[PDB]
Amino acid sequence: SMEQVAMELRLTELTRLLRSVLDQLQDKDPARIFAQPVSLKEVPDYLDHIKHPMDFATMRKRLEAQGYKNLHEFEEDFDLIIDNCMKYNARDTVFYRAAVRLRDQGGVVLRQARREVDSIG
C-alpha cells in the first residue's frame, strides 16, 4: 500500500537524522570510552552489575537496521550508556567523568534534535 510506503519514507528520514545525531554524540567521546561494548573477557562480572549494557557500536547496528521507531527509543539507549557507566564506575574515575561530559554535551544536541523531529514530523 502507498500508506505503508509513506510510513517507510518517514522511518528512513528519521534514520538519517538519528545517524547524524549519533555522530555528533559520539564526537563528544574523543577518548572512545563508549565506542564498543564492555568486554566480558576483561570485566567477567559485568552482567552481575549491569542488566542492559549499551554502547555506540550497538546503537549503530540498531540504527542501520532502522530499528529506532522514534527519538525516545534512541535516547533511552543513549541514556543507558551514561547511566551504566555512572553506576559501575566510581565518581573519581576517568570513566565516570567521561560519562558526565558526554551527558552534559549530548544534552545540547538532543535538545535541538527533539525540535527537528517534532518540526520535520
Side-chain angles (χ1 to χ4, degrees), residues 1-2 4-6 8 11-15 17-40 42-60 62-68 70-110 112-119 121:
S1 83
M2 195 58 219
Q4 284 298 325
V5 164
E8 293 163 355
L11 181 55
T12 298
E13 283 317 285
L14 174 67
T15 298
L17 187 157
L18 288 183
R19 185 175 306 129
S20 155
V21 175
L22 178 63
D23 294 345
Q24 283 174 79
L25 289 175
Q26 185 149 28
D27 297 324
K28 310 310 166 142
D29 172 33
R32 298 189 74 84
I33 293 163
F34 308 108
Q36 296 295 327
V38 172
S39 179
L40 305 179
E42 298 146 14
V43 190
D45 81 343
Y46 191 62
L47 302 179
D48 298 332
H49 297 261
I50 300 291
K51 295 309 170 180
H52 302 97
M54 197 35 64
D55 67 87
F56 286 128
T58 302
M59 294 190 61
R60 201 177 296 281
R62 186 164 163 189
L63 189 58
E64 295 312 318
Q66 298 188 347
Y68 297 113
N70 60 49
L71 181 58
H72 182 76
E73 288 190 349
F74 175 105
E75 289 168 310
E76 278 187 351
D77 274 358
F78 178 65
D79 286 343
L80 273 177
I81 293 173
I82 294 312
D83 291 337
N84 291 350
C85 183
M86 294 168 78
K87 290 169 184 93
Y88 188 83
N89 304 104
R91 218 143 48 234
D92 72 327
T93 61
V94 69
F95 305 105
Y96 187 111
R97 287 158 182 286
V100 167
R101 289 165 58 86
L102 181 59
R103 186 191 71 176
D104 286 349
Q105 293 196 285
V108 174
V109 172
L110 292 170
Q112 192 56 38
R114 155 60 52 211
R115 304 187 58 86
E116 288 164 314
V117 163
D118 280 351
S119 195

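Computation of the quantities below employed the complete heavy-atom set of this structure, encompassing side-chain atoms and omitting hydrogens, waters and symmetry-equivalent molecules. Residue numbers start at 1 and run along the sequence shown.
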Using every non-hydrogen atom in the two residues, find where [X] and [Y] come nearest and quote the distance to one decimal.
{"X": "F56", "Y": "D29", "answer": "CE1-OD2, 3.8 Å"}
{"X": "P30", "Y": "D27", "answer": "CD-O, 3.6 Å"}
{"X": "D77", "Y": "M54", "answer": "O-CG, 3.3 Å"}
{"X": "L47", "Y": "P53", "answer": "CD2-CG, 3.5 Å"}

Beyond-backbone contact of [X] with [Y], side-chain heavy atoms, under 4.5 angstrom:
{"X": "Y46", "Y": "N84", "result": "yes"}
{"X": "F78", "Y": "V21", "result": "no"}
{"X": "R114", "Y": "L110", "result": "no"}
{"X": "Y88", "Y": "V43", "result": "yes"}

To the nearest 0.5 Å, what is the distance between [atom1] ([X]) and [atom2] ([Y])?
{"X": "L63", "Y": "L14", "atom1": "CG", "atom2": "CG", "value": "8.5 Å"}
{"X": "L80", "Y": "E75", "atom1": "CG", "atom2": "CD", "value": "12.5 Å"}
{"X": "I81", "Y": "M86", "atom1": "CD1", "atom2": "CE", "value": "14.0 Å"}
{"X": "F74", "Y": "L17", "atom1": "CZ", "atom2": "CG", "value": "9.0 Å"}
{"X": "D79", "Y": "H72", "atom1": "CG", "atom2": "NE2", "value": "9.0 Å"}
{"X": "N89", "Y": "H49", "atom1": "CG", "atom2": "NE2", "value": "10.5 Å"}

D45 (side chain) donor-acceptor with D48 (main chain) under 3.5 angstrom: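 Judged by distance alone, no pair lies under 3.5 Å.
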Stepwise side-chain hydrogen bond (donor to acceptor under 3.5 Å, both in side chains) test for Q24 and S20: CA-CA 6 Å; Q24 283 174 79; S20 155; 3.1 Å; yes
Verdict with reasoning, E73 to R62, per side chain to side chain contact (heavy atoms under 4.5 Å, CB included): CA-CA 11 Å; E73 288 190 349; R62 186 164 163 189; 3.0 Å; yes
By salt bridge (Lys or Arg N to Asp or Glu O under 4.0 Å) - contacts of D23 (at least two apart):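 Per chain and number, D23 pairs via salt bridge (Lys or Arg N to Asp or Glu O under 4.0 Å) with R60.
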Could you list the donor-acceptor pairs under 3.5 angstrom formed by side chains in residues 91-103, with sequence neighbours left out?
residue	atom	partner	partner atom	Å
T93	OG1	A90	O	2.6
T93	OG1	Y96	N	3.2
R97	NE	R91	O	3.3

